[PDB]
Amino acid sequence: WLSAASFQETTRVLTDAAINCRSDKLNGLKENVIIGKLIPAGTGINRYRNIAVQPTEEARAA
Amino acid sequence: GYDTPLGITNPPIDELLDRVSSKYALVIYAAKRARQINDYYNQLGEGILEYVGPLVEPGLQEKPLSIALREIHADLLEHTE
Amino acid sequence: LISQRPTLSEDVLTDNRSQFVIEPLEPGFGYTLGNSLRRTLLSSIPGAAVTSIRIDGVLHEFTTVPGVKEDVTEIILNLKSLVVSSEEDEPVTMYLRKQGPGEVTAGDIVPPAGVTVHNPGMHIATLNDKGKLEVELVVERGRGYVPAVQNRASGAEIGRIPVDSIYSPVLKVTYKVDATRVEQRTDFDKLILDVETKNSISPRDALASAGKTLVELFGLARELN
Amino acid sequence: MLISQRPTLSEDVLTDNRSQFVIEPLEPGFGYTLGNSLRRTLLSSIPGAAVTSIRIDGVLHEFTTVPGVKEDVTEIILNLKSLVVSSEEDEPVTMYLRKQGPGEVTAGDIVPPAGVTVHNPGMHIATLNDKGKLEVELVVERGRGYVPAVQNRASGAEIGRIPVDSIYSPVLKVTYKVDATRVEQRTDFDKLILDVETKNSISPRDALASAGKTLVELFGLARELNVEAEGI
Amino acid sequence: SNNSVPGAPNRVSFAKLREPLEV
Amino acid sequence: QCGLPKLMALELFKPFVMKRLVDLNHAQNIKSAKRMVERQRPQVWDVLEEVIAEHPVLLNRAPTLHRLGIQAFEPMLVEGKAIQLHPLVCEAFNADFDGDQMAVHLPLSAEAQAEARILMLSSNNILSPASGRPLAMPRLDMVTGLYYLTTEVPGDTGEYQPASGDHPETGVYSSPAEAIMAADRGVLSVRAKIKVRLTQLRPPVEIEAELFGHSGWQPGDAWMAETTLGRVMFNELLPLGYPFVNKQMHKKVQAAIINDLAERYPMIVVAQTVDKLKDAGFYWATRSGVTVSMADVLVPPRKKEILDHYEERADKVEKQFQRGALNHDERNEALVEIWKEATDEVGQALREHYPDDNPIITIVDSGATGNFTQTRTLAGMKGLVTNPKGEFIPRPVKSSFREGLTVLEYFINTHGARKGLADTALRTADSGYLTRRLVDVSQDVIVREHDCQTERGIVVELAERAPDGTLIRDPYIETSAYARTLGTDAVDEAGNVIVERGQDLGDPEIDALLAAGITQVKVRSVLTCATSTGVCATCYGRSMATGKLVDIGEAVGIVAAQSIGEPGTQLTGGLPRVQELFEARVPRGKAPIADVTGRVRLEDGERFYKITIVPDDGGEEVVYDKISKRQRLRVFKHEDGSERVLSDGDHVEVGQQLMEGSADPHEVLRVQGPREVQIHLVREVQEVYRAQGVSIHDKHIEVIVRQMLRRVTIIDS
Amino acid sequence: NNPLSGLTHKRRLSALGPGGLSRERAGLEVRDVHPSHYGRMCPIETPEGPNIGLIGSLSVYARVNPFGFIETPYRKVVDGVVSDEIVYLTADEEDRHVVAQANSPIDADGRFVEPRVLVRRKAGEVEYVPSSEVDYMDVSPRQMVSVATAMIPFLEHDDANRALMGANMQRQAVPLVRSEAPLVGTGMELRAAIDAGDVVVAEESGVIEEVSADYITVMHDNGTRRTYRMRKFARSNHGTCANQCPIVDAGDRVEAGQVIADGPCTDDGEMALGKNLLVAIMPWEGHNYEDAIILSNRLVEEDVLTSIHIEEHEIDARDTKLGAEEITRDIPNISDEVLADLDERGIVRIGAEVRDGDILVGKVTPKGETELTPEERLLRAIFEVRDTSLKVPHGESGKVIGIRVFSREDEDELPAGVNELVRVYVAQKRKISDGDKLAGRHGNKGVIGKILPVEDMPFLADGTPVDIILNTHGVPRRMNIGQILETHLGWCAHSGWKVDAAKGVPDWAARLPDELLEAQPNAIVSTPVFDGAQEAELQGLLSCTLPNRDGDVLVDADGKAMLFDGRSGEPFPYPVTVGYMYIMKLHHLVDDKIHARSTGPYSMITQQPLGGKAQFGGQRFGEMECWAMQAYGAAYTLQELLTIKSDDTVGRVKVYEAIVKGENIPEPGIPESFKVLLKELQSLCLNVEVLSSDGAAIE
RNA sequence: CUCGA
């Protein structure tokens, strides 16, 4: 309902939402952009998001 | 087999995309290694368990992102997807 | 087909314009030497020019002096045409005091020893009965074009009015080449350079300054590594 | 007038007969003013020697094929034109090149008369077939730059003699480019980049020195008029 | 002649048609 | 690279400058470093260089139509107060230099810097994501200079002569350096045909085989070529080992070369080669003699002799209207058809009168910019102008802009000019709105899986076969075959497979199929991808910008939306037809369809139209009712004749369009099934975009159509 | 901006407003040209933005009748005979007759040469008609165009789009320090300048008694004196410099109505919107790539495109709750070095150069103790007025030329609660810069991409280097052949010409007036619109161009000359079109249009950075640009743009801290704007709640 | 409101 309210017919969407008592699963580009979460696309998807970089054991003398 | 990469095109983006699966993954690799390098340069005078310093020889006043990117190009890092 | 070190001869057109002939030059080489000398002449010939002015009744440029027909901006523009030469290589002050009625020209300027005005007939301003003009002109020696030195960068205070300095004494340089392309063993270019100056220096002096400039410059290639 | 200091010249060696030269930093816009002059002086005002005309035995009006050799007349002329040579005699000098039987003709198979010197004895000229024979005479002159063969129309006698384009210049290929460099605060100063590829007759350093000397004398003709002012 | 009414600089016109009424 | 003003970067990097200033002890504390920066003390300018080193910045130009409207650059401090932009990216930003302004953004976090450096750098975004063709390529002056030096002049100086008489072969040079020296002296022209011994350029694969072949050409190996010194100078710019091209570098040739370089060679090589092309093209455009002068705008010699012979036919109708033989409304169409042939005959009289030394011709024929119709209005005649009504005026604009319009000619031109500007504003408005709609409907469409593995593909007409035996290339190969991935093994008449299934149909891999006799392929499509939420990469295919299989996570929905909405600015069917299609409206054409395959029942009259179908198998008669104001589409009847106007007795299949127009997609769904309605939507939209010169890949349209049919309705709970 | 802008503005015809219509209620039909606008409203001069067609300019000869309709003049044709009788007709009155186009061939007596003549007829119908049918005819060819439009030479060769752009950009010309009238004019410059009213015309004839840069006194013939005061260095509404200079000298006889002193963009009483520049039409090393422009630094050295701009700065001293703001030189914690340029009052002194940030008026306002930060209160304890001085905004700089001080103490009536008011006038002398926008009169516009040294410029045969280099490619596409013609005639006017009079008058110049067969260099000419120079006559004039001082003809009869590359010396392989073109400095200068922001003000309600350069705002990252980001997949950049770089109240502070510390960028927080959204949705009786993964509402 | 791409 957040992605739809931000598109067109804001009032006509919010009335329907409040009636149907809708929940928005914050899992969409428009929505995460609204609230400021990382978008689930590109560098935001889980495959690339949670990654730990560790150097290979090869190290310099100092 | 090309002209010398100058400025921000070094390391060549073509070789960087071979140690990695996709453009997007390379971004996270480079950025998180850069954060580790910055913590090294901020935790060099204090504390132990400091993150691993610049593996390769850093140019004078080189950006941490650039050093991490060259490390990626030199197969000196691992990953955990 | 071998060398024969060329000659340079001068021909005088007017008192401030001369043609120079350089021959014989390698084929194709004439245009390059004309352009090289022209670029050095038009930009790197030492001259003298007005650095700053100071009018008593004024504080900035955007005002008027009572009794003079031109405002300060027009006076400064009329002064930009001033041709002058200086021997001091250090800042020197000229003075101008004139009472109306009449016309103020560049000849009404009193140049200290070392500086000299070459066109005393330039119009500067028109003074009516109530016109009075008192002006100081700071003249320095330089080359090329330097914008007006700021007062925040200089130590000059509020009464000083900086002006743009057009140091270059040369006016117009052109060239032409006559090629000798007679299908045989002897092809060669003859260069005709045309140098016109503003009576601040003669064309020969400008060309001599350019020659010294380029000799000093190209001396860098002779030293090995 | 005063000074404009710290213009330096540095050399980078690419091959034994090719170098890049950097002149830096030059007042705006002197890089362009002197760069073209230096390039033209290098390609046109360096004394050298080269083949003016040749004459192959058996070719009088065909100039098409020589029996027994794989290369035709034009290809023979082309490989002979790249021959590098130096001469101490100012007047034209006559060389000969004769070789019979199968095998290969090299520039070392050439007999240089006293005064001339061949600097690439290993250059391939032709491949000689079984019972193949090649006899050619070579006229060598001293000059500068590149003068075409057509003006050499008189050097070929009406008896088999063929004029060739004369590459007298000891330098082969010169290019240049100018970038901007900021010494202190302004980014107007010019940085000049010369790229010079020469023959093994002289090195790039000495070639650039010769061009510089010629140009210094040239502009000294203008300096000798009065002698006024300009920095160092 | 162009604009010969106030005392202005003589700007010469390529005019082929005459102006029966001034602006 | 991009150049930004010193003051701009000082403010942008203000906190960074304060940090470094307090570090190098140019300031006592950070608090004083701030005052230093705000007072602009001369130290910062030497410190600022350290701060901006290799720190990328983002350049944006509004309107931001597609993603290449924002690109990353390495910033270079410049004096002045303007932004210096590279000339090749102009095309992407659609940015001229007549007052255009751009915005700069400073990525802060390490991750932002990485995203800009890798994903958004201008050198990593040369290709157009909508079509796959290159953008940062020689475009205007550059292509002109290249077309100049790569031209073959027959009579030019220094030309090669054959050996004849007393002289052997004239104009045969031992080295390109020798040709350069000859051109310096002035004996050889850059554009003259000559013979040159090359020792550092790969010969064409045609000649390399017979000269070497057994071993590839080696840097140092010599060979003779019959080109011009200019074509050699050109071949030195593109990388070593690229087969020498002895062509005249038209724009199409250059785009082809850069496309092949992007396919074969890596990114960075193209990035640098195109810069070299830029430098060369500017250098030679400067020295191509390209200039405009009143003399070089040549008017047709027989111009009056051409114009009175349509003022004629304008006068003809006046007395077929004076005695009443032509209606006042038919006269207008007559006179329009009269002057429209005028403009074409004048175009023919113009092409031959214009010499080839003319600089306008060197501008247009080199593919730089402009059509020949603009040159017709410039040097020929403006022609018939339209009034704000819509129909062409029965009176033309006889004068050209070189002759001088009359008072009334200019006034009548302004109708059309002003309404052009007005309706262009309105067209841009509607286009932007359609764009945001497309964005929101496909925003959440991402590449989430590598291979859904789903038989469903679609048949692409690779080529048609002519009756004699020759194959005609389909016009839709570029938009329907490239960047695809196979859905069925390619089989010729022999059992050999030409392309294996799952291979990205590239240029050479299409040439493989074409030369094998196979004319149909089944390609994986996003329509068919059976993934729960996203779409598989295999079905999607090649990322048009990357040139490789799309990476997992790329937001292909927004890319499709943007790729479709960027060209909307140029339309006339028309853009309302695109809206009709994407909103699933009941169209205007409202063409009927065959609900059951069978025998046609043409029952045409004049009062009305009624058509029935007798089902080919069982079924019952299906009756329709249409107005006689429509027309039957010439359906490719079973007779193999495409011009078979629908008459009774024809054997039409189920879901066959009957009369011309635009069939109702809603009935197409409930007749032929979701697959067919999706294909219908795709190519019906593609007709509009192709009939206007715009090449959008079917991929992007399919991405939207997929979202259109994701839901189904409930008959019974 | 310049006198022509003012004139046009006073002659505007607006469709918007009360009783007219709304902009949202204006179709494609109200805006397009109507056949009745002939001679009444101009179909060219109209904005190209969202107001196109809604705002016209009044035609030249148009007048208004007492009923409100726009009348235009026509010459009455009696019996196929043109009469000097001129009658004004309305629109519906005009439709009841038929009128002939101005440029109809007419006998020296009045009879039409050709039987058929072009004629306009009711309902905007154009057709030929017999000579015995013409009732009236047009007054002048330029009857349909606007004042501005009529100032475009060779207008009849430009397309309506570029012509509109030219007429609209003439109104954006910036008054230059010194003004040069154009070589190639149209005749309208004189009356445009005079009627614009920014010049000084003599009301009554007489002689000049005393003339000064300040005023001009005229001693009439009858005995009275009138003194006209010059307006010197006055700030225009748009920061352009209005400055009038006397033309006449002492003791000069002057007639009534003559211009005795002209103002900005004027020269001897003619509109001088720009300068005559030596133009070469060739590509040059890509610096002029599509519509960019290359200039000779001569124009910088000789102040050829230099212009003056004057900014007004203003500050007041009011009564506050805790006291009253006092304007004082004594400012807390300010060195004596920044205060060095101030007088005793804290006001800058006249003639002082001021950079951005310097103090202009020193005003301190008393702040209360309960408004101090705990760190501020500590720093006050470990060591009551705050600084509210008038500083120079970023990007401004110039000489302080005037001060104006109003004090409630000194009779000056100020708004209630104000005790003092100071206005400071700063003048900047802007030379032409990289990126400043130039334009001609044919909608040929561009920005300065490179200013080369005078020696680099491609120079003519006699060594005179060109001034400006226009790319060729952006010429034949636009269909602005005007400049081409303008260029050629331009050269002809600079050198002059002499037609071969011997053996009769040549056949091309038969139609030229005898005054044009000979011309001295730098001659003034007119190409009246829809009349004027025909291409044939121009060809001829190019054939008879005067030689230079050395006796050489530099331009060919085609109009092209041979140029030499100032950078290499070699001459350019082909001849290039060289001429003189009138170029205007438009009011779109980088000195004004540059801007940049690290941090700054934030709107209170939304907590997002302000907008506009004047408020030191940031650029807007719109919806489309967000789509661009999402397209690239730059998730972290998007988040960073919409959080820490905008309205993350705590995140932006921690980012600033982490930059000055050298630490890494922290994790973005929540945008305050979204909190605002939630509170608003609640204000509409909608119970919005954020749930965690477990299901409990979180606050 | 007026204006720029």
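Protein chains in written order, with the entry's author numbering: chain A, 1220 to 1281; chain R, 28 to 108; chain X, 2 to 226; chain G, 1 to 232; chain L, 28 to 50; chain V, 440 to 1011, 1026 to 1170; chain H, 443 to 825, 831 to 1146. The beta-carbon is built from N, C-alpha and C at its ideal position, and this holds for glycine as well.
Neighbourhood of R:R60 in chain H, by CB distance below 7 Å: empty, with the nearest CB roughly 12 Å away.
When the alpha-carbon of R:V83 is set against those of R:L76, R:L104, R:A52 and R:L71, the nearest one is in R:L104. The shortest C-alpha to C-alpha distance from H:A1004 to any of H:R888, H:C939, H:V502 and H:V913 is the one to H:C939. For X:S44, the enclosing alpha helix (DSSP H) begins and ends at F30 to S44. For G:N79, same chain residues with a beta-carbon under 8 Å away, outside a window of 5 residues either side, are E71, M123, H124, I125 and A126 in chain order. Any Cβ of chain G closer than 8 Å to the Cβ of X:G103 would place that residue at the interface, and such an atom is absent. Nearest to H:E471 by alpha-carbon distance, out of V:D1093, V:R834, V:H525 and V:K858, is V:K858.
Secondary structure note for V:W662: its beta strand (DSSP E) is the uninterrupted segment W662 to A664. Look at the region 154-176 of chain X: it has no residue with a C-beta under 9 Å from a C-beta of chain V. For V:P1068, the three-state secondary structure derived from DSSP is strand.
Residue contact with chain V for R:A57: present (Cβ-Cβ distance below 8 Å to some residue of chain V). Residue contact with chain H for L:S40: present (Cβ-Cβ distance below 8 Å to some residue of chain H). About 7 Å separates the beta carbons of V:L566 and V:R572, which is inside the 8 Å limit, making them a contact pair. DSSP places H:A1143 outside any alpha helix (DSSP H), giving it a letter other than H or E. Ranking H:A605, H:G469 and H:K674 by CA distance to the CA of H:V619 puts H:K674 first.
Each residue's CA atom was taken as its position, placing H:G804 and H:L861 some 19 Å apart.
In this model, H:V852 and H:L868 are separated by some 6 Å (Cα to Cα). DSSP places V:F811 within a helical segment (H, G or I) once states are collapsed to three. Annotated as proximal: H:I723 and H:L917, with beta-carbon spacing under 8 Å. R:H100 is outside the set of residues whose beta carbon lies under 8 Å from a beta carbon in chain A. Residue V:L527 holds the alpha-carbon nearest to the alpha-carbon of V:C441 among V:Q479, V:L527 and V:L460. Going by C-alpha positions, H:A504 is about 43 Å away from H:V1002. Residue environment analysis places V:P1118 among the buried positions, since at least 16 neighbouring C-beta atoms fall within 10 angstroms of its C-beta. Below the 8 Å Cβ cutoff, chain G contributes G29 and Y32 as neighbours of H:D903, in chain order.
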